[PDB]
Amino acid sequence: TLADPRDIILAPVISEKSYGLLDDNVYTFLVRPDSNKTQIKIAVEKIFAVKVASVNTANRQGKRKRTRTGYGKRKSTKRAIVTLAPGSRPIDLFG
Amino acid sequence: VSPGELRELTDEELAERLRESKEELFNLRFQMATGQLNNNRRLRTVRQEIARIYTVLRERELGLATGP
Amino acid sequence: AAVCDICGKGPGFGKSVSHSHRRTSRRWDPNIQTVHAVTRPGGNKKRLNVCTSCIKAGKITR
RNA sequence: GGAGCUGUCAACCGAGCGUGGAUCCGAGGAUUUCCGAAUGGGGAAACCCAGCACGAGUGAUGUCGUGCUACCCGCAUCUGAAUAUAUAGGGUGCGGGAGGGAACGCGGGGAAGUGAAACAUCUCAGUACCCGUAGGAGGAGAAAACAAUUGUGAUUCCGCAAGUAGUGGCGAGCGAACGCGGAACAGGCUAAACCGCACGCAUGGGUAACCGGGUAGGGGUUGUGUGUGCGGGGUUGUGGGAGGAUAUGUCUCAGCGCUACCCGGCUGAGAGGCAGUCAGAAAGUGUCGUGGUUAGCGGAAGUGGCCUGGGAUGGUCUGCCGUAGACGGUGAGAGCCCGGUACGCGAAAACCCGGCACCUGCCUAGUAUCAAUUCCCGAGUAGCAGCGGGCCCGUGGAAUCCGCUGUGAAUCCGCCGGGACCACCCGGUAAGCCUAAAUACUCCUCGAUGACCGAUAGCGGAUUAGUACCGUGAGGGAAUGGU
RNA sequence: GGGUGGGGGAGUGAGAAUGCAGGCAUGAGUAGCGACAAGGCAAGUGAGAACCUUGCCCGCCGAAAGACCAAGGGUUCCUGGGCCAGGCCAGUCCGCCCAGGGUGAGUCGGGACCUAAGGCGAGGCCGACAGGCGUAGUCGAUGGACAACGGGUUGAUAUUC
RNA sequence: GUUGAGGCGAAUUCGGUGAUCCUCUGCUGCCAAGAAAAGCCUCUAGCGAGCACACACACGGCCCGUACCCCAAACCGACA
Ligand SMILES: [Mg+2]
Ligand SMILES: [Mg+2]
Ligand SMILES: [Mg+2]
Ligand SMILES: [Mg+2]
Ligand SMILES: [Mg+2]
Ligand SMILES: [Mg+2]
Ligand SMILES: [Mg+2]
Ligand SMILES: [Mg+2]
Ligand SMILES: [Mg+2]
Ligand SMILES: [Mg+2]
Ligand SMILES: [Mg+2]
Ligand SMILES: [Mg+2]
Ligand SMILES: [Mg+2]
Ligand SMILES: [Mg+2]
Ligand SMILES: [Mg+2]
Ligand SMILES: [Mg+2]
Ligand SMILES: [Mg+2]
Ligand SMILES: [Mg+2]
Ligand SMILES: [Mg+2]
Ligand SMILES: [Mg+2]
Ligand SMILES: [Mg+2]
Ligand SMILES: [Mg+2]
Ligand SMILES: [Mg+2]
Ligand SMILES: [Mg+2]
Ligand SMILES: [Mg+2]
Ligand SMILES: [Mg+2]
Ligand SMILES: [Mg+2]
Ligand SMILES: [Mg+2]
Ligand SMILES: [Mg+2]
Ligand SMILES: [Mg+2]
Ligand SMILES: [Mg+2]
Ligand SMILES: [Mg+2]
Ligand SMILES: [Mg+2]
Ligand SMILES: [Mg+2]
Ligand SMILES: [Mg+2]
Ligand SMILES: [Mg+2]
Ligand SMILES: [Mg+2]
Ligand SMILES: [Mg+2]
Ligand SMILES: [Mg+2]
Ligand SMILES: [Mg+2]
Ligand SMILES: [Mg+2]
Ligand SMILES: [Mg+2]
Ligand SMILES: [Mg+2]
Ligand SMILES: [Mg+2]
Ligand SMILES: [Mg+2]
Ligand SMILES: [Mg+2]
Ligand SMILES: [Mg+2]
Ligand SMILES: [Mg+2]
Ligand SMILES: [Mg+2]
Ligand SMILES: [Mg+2]
Ligand SMILES: [Mg+2]
Ligand SMILES: [Mg+2]
Ligand SMILES: [Mg+2]
Ligand SMILES: [Mg+2]
Ligand SMILES: [Mg+2]
Ligand SMILES: [Mg+2]
Ligand SMILES: [Mg+2]
Ligand SMILES: [Mg+2]
Ligand SMILES: [Mg+2]
Ligand SMILES: [Mg+2]
Ligand SMILES: [Mg+2]
Ligand SMILES: [Mg+2]
Ligand SMILES: [Zn+2]
């Protein structure tokens with residue numbers, strides 16, 4: 001019943017903007033959309049064993065699409081853009 | 001992992017199985033994002049064995065065949 | 001007011017009939033008076049809306 | 001249940017699982033974000049912001065997880081403002097309510113168009129609508145009933161009576177009941193007098209009662225009267241009960257009403273009888289059915305020849321089944337190819353129903369005769385009057401029934417009804433309560449059915465369907481099936 | 001899936017209701033193609049170019065027809081594609097279609113601070129019922145208080161990196 | 001200089017003119033007589049044995065909005 005910080009972080013964001021930020025040790029994550037910056041700053045420090053400088057967040061509404069059964073709508077996401085401390089080990093995000 | 005073999009883990013041997021199956025599911029969610037997971041049936045299974053440990057822990061704290 | 005605070009008697013409705021026998025609605029309201037009632041002698045008072053038929057019986061004490 | 005499976009539009013792939021019993025079907029459980037009566041506080045419903053407690057985390061603030069925190073009512077407890085008695089109020093702790101639902105019930109409020117060939121009385125119509133409030137039904141219900149000399153014997157529902165008697169600007173229209181035939185049948189508890197007891201309220205102190213009654217004494221005042229409780233007693237129309245008197249009767253043990261006895265009652269248990277989830281008191285705990293419901297399973301008989309054809313389920317010869325020739329499928333009209341059908345078999349568990357036990361209550365002292373001496377038989381009620389409502393009955397000679405206002409009785413020689421009223425006579429006992437069945441309804445579940453529809457029909461909706469679209473909104477509201 | 005005969009039952013017969021729905025003519029290859037800033041050439045791209053691209057020229061706005069917010073809209077933004085619908089013509093183009101991507105705040109605009117008009121409103125008072133108003137309180141900016149500037153960066157964000 | 005990127009980079013002085021901005025919630029005049037509350041400062045009730053303060057270092061700073069159009073072809077007018 002007890003919590004676990006791997007529930008907050010969902011997936012890493014895989015795009016060419018996110019690829020460019022990794023060179024400056026800036027990691028982008030899809031997080032659970034009802035979580036705040038301090039949870040993300042405590043969870044990232046506990047999972048990857050690293051010191052975290054700042055966490056920025058952004059909500060994004062889902063795209064509305066056209067289908068012959070009507071308009072539909074994709075899910076809405078929240079991104080966490082995590083900057084590491086000056087002199088920390090890089091997050092091994094496996095790719 | 002069978003339900004009949006989780007009932008012999010005592011009280012916190014289950015709680016470490018839950019803790020290391022959620023890391024199992026966490027690493028699988030990163031392999032799908034990076035395009036690096038092949039057996040995509042593995043995500044469905046690990047969610048079930050997390051759901052199965054939570055059933056056994058709740059049966060113990062409701063008297064429904066409690067015991068180590 | 002038109003409801004007794006002891007027996008719950010409320011108004012009855014009927015008709016007002018004229019000489020050309022034309023019928024319109026009115027109420028027969030009860031005879032509701034205000035009393036300042038004690039419970040035991042020497043006690044504090046309490047404002048009630050009771051009817052005169054409850055006043056004429058022993059339903060209140062002033 | 002038994003070999004395939006990963007729901008559908010709706011495919012195309014990917015990656016897997018399954019006789020070590022998968023997918024699937026039925027039941028019980030676990031989880032159950034946020035909104036909504038929504039109820040910690042706020043709010044543009046699905047969002048924001050806390051407090052308390054216990055955990056988690058941090059170098060420590062930040063952070064996390066699970067609980068609890070609305071208002072009102074009821075009960076029990078604690079305090080008792082102004083102010084003295086106290087009360088309002090406040091604290092604490094258990095309970096309950098709140099909202100939704102298609103129709104049916106009861107109670108209350110209540111139109112108009114329309115009809116009257118105008119229109120106001122009247123109609124429409126106690127309809128539409130609204131308010132409150134239920135239940136699986138509800139309401140009604142156990143004669144202050146009818147009837148008319150014979151009688152019937154609670155209520156409800158149906159058919160007659162009857163478009164009748166009547167009522168009506170006697171216009172338009174409205175419209176009973178007595179009785180008769182049936183469906184279903186059932187009746188039970190209380191209040192009062194008085195007797196006990198308990199708490200008060202007064203009084204009186206050898207006036208004197210009291211100490212079960214009688215009787216011999218004694219104690220030496222809490223006795224007597226009385227209000228509130230609680231048991232007893234009591235339940236009636238042929239009037240009944242109480243209080244009397246007298247006969248007769250007292251399950252057993254124990255204790256109890258100052259001392260002794262003659263007797264009887266109160267109490268605690270024992271024995272016995274009866275009744276039960278009920279209207280007549282109320283929850284359970286086990287155990288058991290030929291029981292019932294929610295999955296299902298078995299199930300007879302043609303690979304027949306020939307013809308036509310892409311395909312026989314057709315034609316024509318043949319062989320059978322039938323407690324099965326229902327219906328649908330299958331490449332064209334199939335009892336014998338498939339799912340089934342007739343008929344039978346089946347239940348871990350949950351639910352429902354019933355039996356037997358546990359268990360729970362109730363009863364064991366009255367009865368009978370005579371007496372008329374008393375007391376009691378539901379009160380701001382009935383009756384009377386004013387104003388209204390409803391009865392066939394539109395205020396009329398207007399009874400019976402209901403409301404509001406005034407006035408205001410009596411307890412059986414009483415009171416009420418029998419269509420103004422009086423007299424006689426007959427009938428019944430108002431102002432306390434509860435009560436099954438016969439009747440109404442179908443959002444929903446299951447099984448059937450049609451001289452019903454077949455895509456402009458049938459539901460608005462066979463298709464994104466209350467969707468697209470229109471409207472600020474309440475609202476309105478489509479079109480679209482077939483190789 | 002029908003025919004005939006004895007019967008039974010009808011949503012049983014349309015040319016007219018300025019009827020209703022669908023399909024299609026007539027007007028007719030006709031009016032129109034939304035301001036009175038105005039386009040031209042060279043080169044390109046492509047099956048196709050008056051309209052797309054690039055370059056030069058000419059013209060028009062310049063208290064806007066330039067640059068920013070607010071309400072409102074909602075992915076129309078960016079990149080790669082597409083070209084039978086749509087755009088009053090054509091279209092290789094597009095606010096159109098498809099796929100992916102993209103919106104980073106102690107200080108900016110708001111809440112976690114405050115109140116106005118007004119709203120709701122514990123208890124309450126009032127009203128047959130439904131309900132009316134309202135005290136404490138609690139919401140409610142268009143106002144009050146309160147801390148950031150300059151530069152560079154992306155194809156798409158910047159007082160946010 | 002794939003004319004996309006990149007690298008280097010001078011001088012910057014003194015005048016005039018001048019706001020709708022600033023000093024200024026100030027000033028002068030007028031009558032029609034011109035929000036509240038937080039906040040801030042201060043007083044005391046009250047609390048109170050450990051406080052106040054400086055320097056240094058290391059930290060926490062949440063929620064929603066942010067693209068784009070916005071005198072329009074993206075908003076209200078059924079239409080670019
Ligand atoms: Mg959970
Ligand atoms: Mg930052
Ligand atoms: Mg932000
Ligand atoms: Mg009242
Ligand atoms: Mg009435
Ligand atoms: Mg009328
Ligand atoms: Mg799907
Ligand atoms: Mg099984
Ligand atoms: Mg199942
Ligand atoms: Mg709430
Ligand atoms: Mg609220
Ligand atoms: Mg006091
Ligand atoms: Mg209700
Ligand atoms: Mg009328
Ligand atoms: Mg008329
Ligand atoms: Mg007429
Ligand atoms: Mg009843
Ligand atoms: Mg009869
Ligand atoms: Mg079978
Ligand atoms: Mg053929
Ligand atoms: Mg066939
Ligand atoms: Mg058949
Ligand atoms: Mg068969
Ligand atoms: Mg009586
Ligand atoms: Mg009267
Ligand atoms: Mg009348
Ligand atoms: Mg009266
Ligand atoms: Mg008579
Ligand atoms: Mg009676
Ligand atoms: Mg009753
Ligand atoms: Mg009944
Ligand atoms: Mg039925
Ligand atoms: Mg059916
Ligand atoms: Mg249709
Ligand atoms: Mg709308
Ligand atoms: Mg024919
Ligand atoms: Mg025929
Ligand atoms: Mg015919
Ligand atoms: Mg016809
Ligand atoms: Mg025709
Ligand atoms: Mg026509
Ligand atoms: Mg037409
Ligand atoms: Mg012409
Ligand atoms: Mg022309
Ligand atoms: Mg034009
Ligand atoms: Mg050219
Ligand atoms: Mg010019
Ligand atoms: Mg564009
Ligand atoms: Mg594009
Ligand atoms: Mg085109
Ligand atoms: Mg075109
Ligand atoms: Mg699109
Ligand atoms: Mg209130
Ligand atoms: Mg109010
Ligand atoms: Mg206010
Ligand atoms: Mg506010
Ligand atoms: Mg503002
Ligand atoms: Mg931009
Ligand atoms: Mg100057
Ligand atoms: Mg001045
Ligand atoms: Mg911008
Ligand atoms: Mg427009
Ligand atoms: Zn009264």
Side-chain angles (χ1 to χ4, degrees), chain A residues 1-5 7-8 13-21 24 26 28 32-43 45-46 51-74 77-83 85, chain B residues 2 37-45 50-52 54-65, chain C residues 1-4 7-32 38-47 49 51-59:
Chain A
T1 66
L2 74 157
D4 194 353
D7 296 332
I8 305 299
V13 173
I14 304 298
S15 66
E16 68 270 15
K17 182 175 179 178
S18 177
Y19 281 162
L21 287 175
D24 296 330
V26 175
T28 312
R32 196 179 71 191
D34 51 355
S35 64
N36 60 10
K37 290 183 176 69
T38 303
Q39 295 182 15
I40 300 165
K41 191 169 187 176
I42 294 165
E45 287 181 352
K46 192 180 266 79
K51 182 67 179 177
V52 173
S54 68
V55 174
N56 293 324
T57 54
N59 286 315
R60 187 182 290 169
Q61 300 296 320
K63 294 181 184 178
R64 192 178 73 188
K65 307 305 288 292
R66 176 81 264 176
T67 306
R68 80 278 306 278
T69 183
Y71 281 158
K73 191 175 182 183
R74 291 178 177 178
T77 62
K78 180 187 283 184
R79 268 81 175 177
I81 304 171
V82 171
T83 302
Chain B
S2 175
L37 180 58
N38 198 3
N39 191 1
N40 50 10
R41 294 290 89 200
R42 187 173 172 85
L43 283 167
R44 187 179 179 91
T45 303
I50 293 169
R52 189 177 291 118
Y54 279 117
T55 306
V56 175
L57 293 177
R58 185 65 182 170
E59 288 172 355
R60 291 183 179 181
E61 64 185 3
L62 292 175
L64 298 174
Chain C
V3 181
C4 185
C7 71
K9 169 160 65 180
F13 297 31
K15 294 291 185 182
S16 178
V17 184
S18 66
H19 178 74
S20 66
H21 199 273
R22 196 170 185 272
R23 296 170 66 196
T24 62
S25 296
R26 44 85 59 92
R27 289 167 50 182
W28 272 268
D29 293 333
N31 195 0
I32 298 296
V38 296
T39 60
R40 53 98 178 170
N44 303 120
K45 295 190 263 77
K46 174 69 169 65
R47 189 185 302 123
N49 282 319
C51 72
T52 57
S53 67
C54 287
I55 297 171
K56 190 178 180 178
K59 304 286 104 176

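Every heavy atom of this structure was used, including side-chain atoms; hydrogens, water molecules and symmetry mates were not. Letters go in sequence order (proteins before strands), and every chain restarts at 1.
When atom types are taken as modelled, the side chain of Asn36(A) and the backbone of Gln39(A) share a donor-acceptor pair closer than 3.5 angstrom. Not one N or O on the side chain of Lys37(A) forms a donor-acceptor pair closer than 3.5 Å with the backbone of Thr57(A).
When the side-chain nitrogen and oxygen atoms of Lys15(C) are compared with OP1 and OP2 of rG390(D), none of them lie within a distance under 4.0 Å. Under 4.0 angstrom from either OP1 or OP2 of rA88(D) there lies no side-chain N or O belonging to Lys46(C). Taking 4.0 angstrom as the limit, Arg58(B) places a side-chain polar atom (N or O) nearer than this to OP1 or OP2 of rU31(D).
For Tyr19(A) against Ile14(A), the heavy-atom pair with the smallest separation is OH-CG2, 3.3 Å.
Base pair annotation for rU238(D) with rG36(D): unpaired, by the Watson-Crick or G-U wobble rule (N1-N3 plus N6-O4 or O6-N4, or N1-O2 plus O6-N3, under 3.5 Å). A canonical Watson-Crick or G-U wobble pair links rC343(D) to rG298(D), with each of its two hydrogen-bond distances shorter than 3.5 Å. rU285(D) and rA365(D) make neither a Watson-Crick nor a G-U wobble pair with both donor-acceptor distances under 3.5 Å.
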### Task
Could you walk me through whether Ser25(C) and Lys15(C) pass side-chain hydrogen bond (donor to acceptor under 3.5 Å, both in side chains), step by step?
CA-CA 5 Å; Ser25(C) 296; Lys15(C) 294 291 185 182; 3.2 Å; yes
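Across all strands shown, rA53(D) forms a Watson-Crick or G-U wobble pair, both distances under 3.5 Å, with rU66(D). Of the nucleotides present, none pairs with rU411(D) by Watson-Crick or G-U wobble criteria with both distances under 3.5 Å. A 3.5 Å limit on both hydrogen-bonding distances identifies no Watson-Crick or G-U partner for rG126(D).
Under the 5.5 Å and 30° stacking definition, the step from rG61(F) to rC62(F) does not qualify as stacked. With a ring-centre distance below 5.5 Å and an interplanar angle below 30°, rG473(D) is stacked on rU472(D).
Of all nucleotides listed (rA86(D), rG102(E), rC63(F)), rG102(E) comes nearest to the side chain of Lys17(A).
Helical stems in RNA chain F, defined as runs of 3 or more consecutive Watson-Crick or G-U wobble pairs with donor-acceptor distances under 3.5 Å: E:108-111 with F:62-65.
If you take atom P in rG175(D) and the same atom in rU127(D), they sit 14 Å apart, rounded to whole Å.
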